[PDB]
Structures are given as C-alpha cells and as structure tokens.
Number of protein chains: 2
Amino acid sequence: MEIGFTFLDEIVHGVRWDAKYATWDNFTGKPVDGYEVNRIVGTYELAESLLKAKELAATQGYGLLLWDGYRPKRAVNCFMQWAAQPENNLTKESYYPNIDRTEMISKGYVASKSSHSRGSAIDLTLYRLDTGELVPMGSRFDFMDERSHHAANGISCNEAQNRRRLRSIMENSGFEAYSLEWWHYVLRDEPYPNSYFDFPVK
Amino acid sequence: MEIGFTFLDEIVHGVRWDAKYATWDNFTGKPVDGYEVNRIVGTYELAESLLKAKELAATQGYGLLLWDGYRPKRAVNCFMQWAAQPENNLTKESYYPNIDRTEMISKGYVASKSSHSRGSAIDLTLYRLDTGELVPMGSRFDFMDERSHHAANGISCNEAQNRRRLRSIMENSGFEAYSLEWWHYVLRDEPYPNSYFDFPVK
C-alpha cells in the first residue's frame with residue numbers, strides 16, 4: 001500500500017461501501033482500469049476526516065456509503081477513452097439521459113484530471129441509521145445532469161434538504177463540497193494537491 | 001477474524017467482487033444483518049479451491065466475480081424475517097416475479113439453514129477476461145425462479161452453456177454445484193459441515 005494512503009474500511013469500521021468502479025455497476029458498464037478490488041482506498045487524512053463525518057451520526061441518524069475515493073490516473077484515462085467511444089446505449093438511460101457521450105468532456109463530466117487522483121476526494125451518501133434505507137438525494141451517483149447539482153431544482157424539498165445535510169456533515173468534517181455533484185467532497189487541506197497517483201486499487 | 005476463515009480478497013488477488021449483501025443491492029433492499037464490510041469472507045479451504053477455480057482462467061477467458069461466501073446465521077434469520085414481511089413490491093420485479101413472498105420459505109428460496117453459514121459455500125459468476133463484460137447466464141443473482149436452475153429451459157444455448165462452464169470450473173476445483181441455483185457452489189470436503197457460524201462479516 002502506497003505511503004500516506006490506507007484502506008479506509010479498516011478506519012471507518014461499520015461502513016457499508018460499494019466500490020462502484022470495482023464492479024460492472026458504473027457508467028462505463030465495467031470495472032475501470034486500476035480497480036481490482038471492491039474496497040475504498042484513501043489518504044490517512046481522508047480517513048481521519050471521514051471518521052469525523054461518520055461520527056456525525058449524531059445528525060439525523062445517517063450512515064455513510066462510500067463509492068469512490070482515490071482514483072488512479074489510468075482510471076481517469078479509462079473514463080476519457082470510454083467517453084470517446086461510440087454510443088451503445090448500455091448505460092445512457094441510467095447515467096446520462098439528456099446529455100450525449102460526445103459532450104461528456106466539455107460539459108465537464110469526465111475531465112482529463114480528477115481531484116480523486118490526489119487521494120483526498122470522496123464520493124458518498126448517507127443511509128438512515130434508524131431505518132437502514134438510503135437517504136433519497138433525487139439523482140443517482142454519477143448522474144451527470146443538472147439534477148446532480150447541489151443547487152438543483154426539480155428535486156423535492158426533502159431531497160434538496162438531504163443533500164444539504166450530506167454537505168453540512170462533510171463541510172463540518174474538513175471537506176469542501178462541489179456544486180455540480182452533491183456526492184463529491186474533497187478534503188480541504190489535503191496532503192497531496194499537485195500529486196496525481198497511478199497505483200491500482202487492489 | 002474467526003479461525004479457519006480469511007478475507008478471500010487477500011488470497012484471490014485480482015478478484016473484482018461485490019458483496020451484494022453488504023450493499024442495498026440485494027433482494028431485501030438493504031445490507032443484511034451481519035454484512036458490514038463490503039468484502040467476501042470465507043474458509044481458507046474455500047479460498048484455496050476458489051483460487052483453483054479462478055486459475056481456470058485457462059477456460060474461455062473467464063474471471064470470477066464473488067457475491068457471497070460465508071453468511072452469518074443472523075443474516076439467514078434476517079432473510080427469513082424479510083420473507084415474513086408484507087410485500088412492498090420494492091425488489092419483487094427484479095428478484096422474484098412469478099413467485100410470492102408468502103411461499104419463499106416453502107418453494108425453498110429462503111431456508112432456515114444455509115450451507116453458507118458453514119463458510120465453504122460461494123456465490124459467483126465469470127466475466128470475460130478478453131472483453132471485460134459479464135458472461136450472460138440468463139438470470140440474475142438471487143433470481144429465485146425456475147429460470148435460475150442449472151437445467152433450466154427458457155435460457156438460450158449460450159446462457160445454458162455459460163452456466164455449464166461455471167459449473168465445470170467449480171466442480172473441477174473441488175466444488176459441488178446445486179441444481180436450483182447456477183451461482184451456488186459448496187466446497188465438497190468442507191472443514192466445518194454441522195457448524196453454522198454467526199460472527200459478522202466485518
């Protein structure tokens with residue numbers, strides 16, 4: 001395991017993650033390059049702050065479900081390559097209706113460079129601690145639509161509120177949100193900005 | 001970690017599992033009791049034989065995707081409790097159309113006792129090594145229908161053949177198949193028959 005990085009599962013004890021990119025259940029239809037393990041990897045500092053966010057279980061009984069943490073540069077390249085492929089309509093309906101695969105790298109859904117490769121960015125949700133179900137956010141992970149924006153409309157009051165709560169828990173835990181994606185958070189004072197890693201998640 | 005058991009991912013190196021029960025993506029709609037960490041746990045002997053089955057990568061370029069290995073008794077109880085709950089139609093369409101939740105524990109889909117609790121049973125599939133996609137099996141994991149039977153009809157020649165290949169790889173690796181579920185395999189000479197464990201998957 002790379003230095004300054006750890007498997008977050010051993011730090012965030014009772015977490016029920018699902019490494020989306022380590023399974024065929026993502027927008028590309030199959031595990032992205034560099035993902036040979038269904039585990040979330042991350043920087044010790046990310047784990048530390050995630051622990052603080054998860055301890056905000058004090059909020060409205062929420063649990064966190066992690067989807068993606070550190071993402072290898074090659075995974076980002078894999079995304080870019082995928083965006084450049086002809087439309088097979090395999091994941092369109094679920095991940096990007098309303099947008100075309102042509103404009104993926106212009107509307108800015110799949111950039112050439114990801115904060116994830118720095119190891120301090122995380123994708124997550126919150127599940128009800130009391131009921132166990134997933135807190136409704138109005139759009140799915142990797143929705144790639146204006147619907148996924150924090151400030152989005154067309155989302156119910158509960159869904160918008162829910163996003164606000166996720167954000168609040170993250171911001172109060174050392175993270176910075178991102179307006180275009182309610183699920184995206186980056187550690188505010190990350191250990192390796194400028195550093196885009198490429199070791200595999202395994 | 002319990003004795004004679006290990007995290008399979010540490011033995012089965014480049015495996016791309018997806019602990020279905022450790023995520024809301026199962027028939028109950030949420031992580032079953034005992035499923036905390038998104039990892040496949042199993043007996044050393046199960047790992048040993050899974051390694052042999054995975055080395056049958058020699059077959060038609062197949063990779064294995066693990067869904068479930070050791071399953072705590074409490075997870076089995078959780079399934080039973082779920083089967084006894086009123087129908088909310090939340091997962092019906094995907095996991096059990098054609099069957100009713102009333103007859104779940106009679107048609108034998110959710111028994112009071114699972115070979116999984118012995119730690120040598122495994123649920124898996126094979127993905128094409130060459131292309132990367134999932135090998136089509138005709139029915140989804142936990143389909144709970146006659147369609148899920150190894151000898152089932154209503155499944156294409158390729159799909160039936162595919163199941164046969166999974167089975168063959170497993171049988172040649174020390175496993176015994178189960179006719180009612182193409183994904184179910186049990187180690188033939190398992191270390192703890194008669195032993196139904198209840199430590200959590202974490």
# chains A, B, ... in the order shown; residues from 1 in each chain; ligands from 1
call {"tool": "closest_atom_pairs", "arguments": {"of": "chain A", "to": "chain B", "cutoff": "9 Å", "atoms": "only C-alpha atoms", "output": "JSON lines"}}
result
{"residue": "A:9", "atom": "CA", "partner": "B:37", "partner_atom": "CA", "distance": 7.0}
{"residue": "A:13", "atom": "CA", "partner": "B:202", "partner_atom": "CA", "distance": 7.8}
{"residue": "A:14", "atom": "CA", "partner": "B:36", "partner_atom": "CA", "distance": 5.6}
{"residue": "A:15", "atom": "CA", "partner": "B:36", "partner_atom": "CA", "distance": 6.2}
{"residue": "A:16", "atom": "CA", "partner": "B:36", "partner_atom": "CA", "distance": 5.4}
{"residue": "A:17", "atom": "CA", "partner": "B:38", "partner_atom": "CA", "distance": 5.9}
{"residue": "A:18", "atom": "CA", "partner": "B:38", "partner_atom": "CA", "distance": 6.3}
{"residue": "A:19", "atom": "CA", "partner": "B:18", "partner_atom": "CA", "distance": 7.9}
{"residue": "A:20", "atom": "CA", "partner": "B:18", "partner_atom": "CA", "distance": 8.8}
{"residue": "A:22", "atom": "CA", "partner": "B:16", "partner_atom": "CA", "distance": 6.0}
{"residue": "A:23", "atom": "CA", "partner": "B:16", "partner_atom": "CA", "distance": 6.4}
{"residue": "A:24", "atom": "CA", "partner": "B:133", "partner_atom": "CA", "distance": 7.6}
{"residue": "A:29", "atom": "CA", "partner": "B:133", "partner_atom": "CA", "distance": 7.7}
{"residue": "A:30", "atom": "CA", "partner": "B:133", "partner_atom": "CA", "distance": 6.3}
{"residue": "A:31", "atom": "CA", "partner": "B:16", "partner_atom": "CA", "distance": 7.8}
{"residue": "A:35", "atom": "CA", "partner": "B:16", "partner_atom": "CA", "distance": 7.8}
{"residue": "A:36", "atom": "CA", "partner": "B:14", "partner_atom": "CA", "distance": 5.3}
{"residue": "A:37", "atom": "CA", "partner": "B:16", "partner_atom": "CA", "distance": 5.4}
{"residue": "A:38", "atom": "CA", "partner": "B:17", "partner_atom": "CA", "distance": 5.9}
{"residue": "A:39", "atom": "CA", "partner": "B:38", "partner_atom": "CA", "distance": 7.0}
{"residue": "A:65", "atom": "CA", "partner": "B:23", "partner_atom": "CA", "distance": 8.8}
{"residue": "A:132", "atom": "CA", "partner": "B:30", "partner_atom": "CA", "distance": 6.9}
{"residue": "A:133", "atom": "CA", "partner": "B:30", "partner_atom": "CA", "distance": 6.4}
{"residue": "A:134", "atom": "CA", "partner": "B:24", "partner_atom": "CA", "distance": 7.8}
{"residue": "A:202", "atom": "CA", "partner": "B:14", "partner_atom": "CA", "distance": 7.2}
call {"tool": "select_by_dssp", "arguments": {"residues": "stretch 71-170 of chain B", "states": "strand (DSSP E)", "output": "PyMOL selection string"}}
result
chain B and resi 121-128
call {"tool": "residues_around", "arguments": {"residues": "residue B:6", "least_positions_apart": "4", "cutoff": "7 Å", "atoms": "only C-alpha atoms", "output": "PyMOL selection string"}}
result
chain B and resi 1+41-44
call {"tool": "closest_residue", "arguments": {"among": "A:75, A:157, A:56, A:152", "to": "residue A:126", "atoms": "only C-alpha atoms"}}
result
A:56
call {"tool": "atom_distance", "arguments": {"atom1": "atom CA of residue B:86", "atom2": "atom CA of residue B:26"}}
result
17.1 Å
call {"tool": "residues_around", "arguments": {"residues": "residue A:82", "least_positions_apart": "3", "cutoff": "12 Å", "atoms": "only C-alpha atoms", "output": "list in words"}}
result
residues 26, 27, 28, 29, 30, 31, 32, 33, 74, 75, 76, 77, 78, 79, 85, 86, 87, 88, 91, 101, 102, 104, 105, 110 and 111 of chain A
call {"tool": "select_by_dssp", "arguments": {"residues": "stretch 10-139 of chain B", "states": "helix (DSSP H, G or I)", "output": "mmCIF file with C-alpha atoms, in the first residue's frame"}}
result
data_model
loop_
_atom_site.group_PDB
_atom_site.id
_atom_site.type_symbol
_atom_site.label_atom_id
_atom_site.label_comp_id
_atom_site.auth_asym_id
_atom_site.auth_seq_id
_atom_site.Cartn_x
_atom_site.Cartn_y
_atom_site.Cartn_z
ATOM 1 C CA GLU B 10 -6.252 -11.305 0.168
ATOM 2 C CA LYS B 20 -24.212 -7.820 -2.644
ATOM 3 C CA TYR B 21 -25.497 -8.419 0.860
ATOM 4 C CA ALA B 22 -23.175 -5.719 2.212
ATOM 5 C CA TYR B 44 -9.119 -20.963 3.929
ATOM 6 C CA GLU B 45 -10.121 -24.130 2.123
ATOM 7 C CA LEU B 46 -12.802 -22.218 0.193
ATOM 8 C CA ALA B 47 -10.166 -19.660 -0.772
ATOM 9 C CA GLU B 48 -7.755 -22.446 -1.797
ATOM 10 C CA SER B 49 -10.342 -24.024 -4.073
ATOM 11 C CA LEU B 50 -11.573 -20.695 -5.357
ATOM 12 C CA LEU B 51 -8.013 -19.976 -6.329
ATOM 13 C CA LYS B 52 -8.012 -23.216 -8.303
ATOM 14 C CA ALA B 53 -11.289 -22.228 -9.954
ATOM 15 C CA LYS B 54 -10.028 -18.772 -10.717
ATOM 16 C CA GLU B 55 -6.867 -20.265 -12.209
ATOM 17 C CA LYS B 73 -26.798 -17.226 10.874
ATOM 18 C CA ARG B 74 -28.229 -13.838 11.735
ATOM 19 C CA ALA B 75 -28.111 -12.945 8.034
ATOM 20 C CA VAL B 76 -30.123 -16.061 7.352
ATOM 21 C CA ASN B 77 -32.567 -15.020 10.105
ATOM 22 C CA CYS B 78 -32.743 -11.552 8.524
ATOM 23 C CA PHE B 79 -33.700 -13.188 5.224
ATOM 24 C CA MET B 80 -36.348 -15.266 6.976
ATOM 25 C CA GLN B 81 -37.704 -12.196 8.764
ATOM 26 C CA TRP B 82 -37.783 -10.335 5.455
ATOM 27 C CA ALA B 83 -39.651 -13.203 3.782
ATOM 28 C CA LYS B 92 -40.164 -8.117 -6.474
ATOM 29 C CA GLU B 93 -39.784 -7.358 -10.237
ATOM 30 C CA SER B 94 -36.032 -7.861 -10.151
ATOM 31 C CA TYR B 95 -35.630 -10.721 -7.713
ATOM 32 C CA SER B 115 -24.659 -24.012 3.721
ATOM 33 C CA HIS B 116 -23.197 -20.509 3.615
ATOM 34 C CA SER B 117 -23.130 -20.323 7.383
ATOM 35 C CA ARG B 118 -20.631 -23.220 7.268
#
call {"tool": "atom_distance", "arguments": {"atom1": "atom CA of residue A:130", "atom2": "atom CA of residue A:61"}}
result
6.2 Å
call {"tool": "residues_around", "arguments": {"residues": "residue A:160", "least_positions_apart": "4", "cutoff": "10 Å", "atoms": "only C-alpha atoms", "output": "JSON, numbers by chain"}}
result
{"A": [136, 137, 138, 149, 150, 151, 152, 153, 154, 155, 156, 164, 165, 182]}
call {"tool": "write_last_selection", "arguments": {"atoms": "N, CA, C and O atoms", "output": "PDB file, in the first residue's frame"}}
result
ATOM      1  N   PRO A 136     -32.845   9.513   0.269  1.00  0.00           N
ATOM      2  CA  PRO A 136     -33.151   9.972  -1.090  1.00  0.00           C
ATOM      3  C   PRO A 136     -32.486  11.307  -1.426  1.00  0.00           C
ATOM      4  O   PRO A 136     -32.682  12.307  -0.733  1.00  0.00           O
ATOM      5  N   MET A 137     -31.711  11.311  -2.507  1.00  0.00           N
ATOM      6  CA  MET A 137     -30.981  12.505  -2.927  1.00  0.00           C
ATOM      7  C   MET A 137     -31.495  13.096  -4.235  1.00  0.00           C
ATOM      8  O   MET A 137     -30.998  14.113  -4.696  1.00  0.00           O
ATOM      9  N   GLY A 138     -32.451  12.439  -4.853  1.00  0.00           N
ATOM     10  CA  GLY A 138     -33.016  12.968  -6.076  1.00  0.00           C
ATOM     11  C   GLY A 138     -32.335  12.521  -7.352  1.00  0.00           C
ATOM     12  O   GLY A 138     -32.970  12.506  -8.402  1.00  0.00           O
ATOM     13  N   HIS A 149     -26.689  18.681  -9.422  1.00  0.00           N
ATOM     14  CA  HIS A 149     -26.103  19.864  -8.826  1.00  0.00           C
ATOM     15  C   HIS A 149     -26.688  20.100  -7.445  1.00  0.00           C
ATOM     16  O   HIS A 149     -27.856  19.842  -7.192  1.00  0.00           O
ATOM     17  N   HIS A 150     -25.810  20.470  -6.561  1.00  0.00           N
ATOM     18  CA  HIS A 150     -26.207  20.802  -5.192  1.00  0.00           C
ATOM     19  C   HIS A 150     -27.394  21.772  -5.158  1.00  0.00           C
ATOM     20  O   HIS A 150     -28.371  21.546  -4.450  1.00  0.00           O
ATOM     21  N   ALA A 151     -27.307  22.828  -5.958  1.00  0.00           N
ATOM     22  CA  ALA A 151     -28.333  23.878  -6.004  1.00  0.00           C
ATOM     23  C   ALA A 151     -29.486  23.564  -6.957  1.00  0.00           C
ATOM     24  O   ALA A 151     -30.363  24.401  -7.170  1.00  0.00           O
ATOM     25  N   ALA A 152     -29.517  22.347  -7.464  1.00  0.00           N
ATOM     26  CA  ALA A 152     -30.516  21.945  -8.448  1.00  0.00           C
ATOM     27  C   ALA A 152     -31.974  22.087  -8.005  1.00  0.00           C
ATOM     28  O   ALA A 152     -32.326  21.933  -6.834  1.00  0.00           O
ATOM     29  N   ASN A 153     -32.815  22.298  -9.009  1.00  0.00           N
ATOM     30  CA  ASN A 153     -34.254  22.413  -8.834  1.00  0.00           C
ATOM     31  C   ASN A 153     -34.817  21.232  -9.600  1.00  0.00           C
ATOM     32  O   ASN A 153     -34.147  20.711 -10.488  1.00  0.00           O
ATOM     33  N   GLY A 154     -36.018  20.797  -9.295  1.00  0.00           N
ATOM     34  CA  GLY A 154     -36.534  19.612  -9.956  1.00  0.00           C
ATOM     35  C   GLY A 154     -36.308  18.441  -9.029  1.00  0.00           C
ATOM     36  O   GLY A 154     -36.479  17.273  -9.384  1.00  0.00           O
ATOM     37  N   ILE A 155     -35.770  18.801  -7.884  1.00  0.00           N
ATOM     38  CA  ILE A 155     -35.527  17.895  -6.791  1.00  0.00           C
ATOM     39  C   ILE A 155     -36.465  18.333  -5.664  1.00  0.00           C
ATOM     40  O   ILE A 155     -36.664  19.537  -5.466  1.00  0.00           O
ATOM     41  N   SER A 156     -37.078  17.385  -4.970  1.00  0.00           N
ATOM     42  CA  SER A 156     -38.022  17.727  -3.907  1.00  0.00           C
ATOM     43  C   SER A 156     -37.345  18.470  -2.754  1.00  0.00           C
ATOM     44  O   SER A 156     -36.117  18.567  -2.691  1.00  0.00           O
ATOM     45  N   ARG A 164     -28.170  18.897   1.346  1.00  0.00           N
ATOM     46  CA  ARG A 164     -27.692  19.915   2.269  1.00  0.00           C
ATOM     47  C   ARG A 164     -27.113  19.297   3.544  1.00  0.00           C
ATOM     48  O   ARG A 164     -26.098  19.762   4.059  1.00  0.00           O
ATOM     49  N   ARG A 165     -27.757  18.248   4.041  1.00  0.00           N
ATOM     50  CA  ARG A 165     -27.298  17.572   5.251  1.00  0.00           C
ATOM     51  C   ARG A 165     -25.993  16.819   5.022  1.00  0.00           C
ATOM     52  O   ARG A 165     -25.113  16.819   5.880  1.00  0.00           O
ATOM     53  N   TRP A 182     -23.558  16.633  -5.922  1.00  0.00           N
ATOM     54  CA  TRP A 182     -23.859  16.504  -4.494  1.00  0.00           C
ATOM     55  C   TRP A 182     -23.044  15.438  -3.735  1.00  0.00           C
ATOM     56  O   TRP A 182     -22.894  15.523  -2.523  1.00  0.00           O
TER      57      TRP A 182
END
